[PDB]
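Reviewing the structure listed below.
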Amino acid sequence: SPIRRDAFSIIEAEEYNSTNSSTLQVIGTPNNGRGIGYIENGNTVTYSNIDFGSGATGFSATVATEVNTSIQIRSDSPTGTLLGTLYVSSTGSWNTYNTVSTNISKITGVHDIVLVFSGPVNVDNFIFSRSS
Ligand SMILES: [Ca+2]
Ligand code: NA
């Protein structure tokens, strides 16, 4: 998977750098894209060297799920700074994707990003939004 990436261009969830998961699979999406699924509570997924430049204050992910769930967004490691939490309610099916966004604390420079899952969700991609 890429060693580094820009925070302000689409990051593919299936191009992760490490995970603790023993269940996670790369899955297909309805329009022949890919994502990650078979995710369980406590799973972490790490994306290396995301460059936030002069600042990001939002996060958007394209997700599908049939359960209410949340995803923590952490910097540097699973126990690094909690930037925010994305709360996702059911999108209607495991193949109905929705773009969902949340606020995060302003982060700058280059950091790894860890997504921490409280339950099953399928994730196609995500992107950050620049600070004002
Ligand atoms: Ca994808
Ligand atoms: Na394992």
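No value in this document is a laboratory result; all are computed from the given coordinates. Every residue, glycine among them, receives a Cβ derived from its backbone with ideal geometry; neighbour counts consider all protein chains shown.
Do you know which residues across the stretch 119-132 are under 18 Å from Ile104 (Cα atoms), surrounded by fewer than 24 Cβ atoms within 10 Å (Cβ to Cβ), touching a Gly at 6+ places or on another chain (Cβ under 8 Å) and not charged (D, E, K, R)?
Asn125, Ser129, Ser131
Of all residues in the stretch 17-37 being surrounded by 13 or more Cβ atoms within 10 Å (Cβ to Cβ) and of a type in the set (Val, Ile, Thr), which is nearest to ligand 2 (Cβ to nearest atom)?
Only one residue tops the list, namely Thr19.
Scan the stretch 97-132 for residues that are without any contact (Cβ under 8 Å) to a residue 40 or more places away in the chain and among the hydrophobic types (A, V, I, L, M, F, W, C) and report the count.
0
Counting just the residues of the stretch 44-92 that are among the aromatic types (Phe, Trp, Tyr) and crowded, with 16+ Cβ neighbours inside 10 Å, which one comes out nearest to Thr102 (Cα to Cα)?
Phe59
A quick yes/no check of all residues on (1) outside any strand (DSSP E or B); (2) among the charged types (D, E, K, R):
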position	(1), (2)
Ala61	no, no
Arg74	no, yes
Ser77	yes, no
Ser90	yes, no
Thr99	no, no
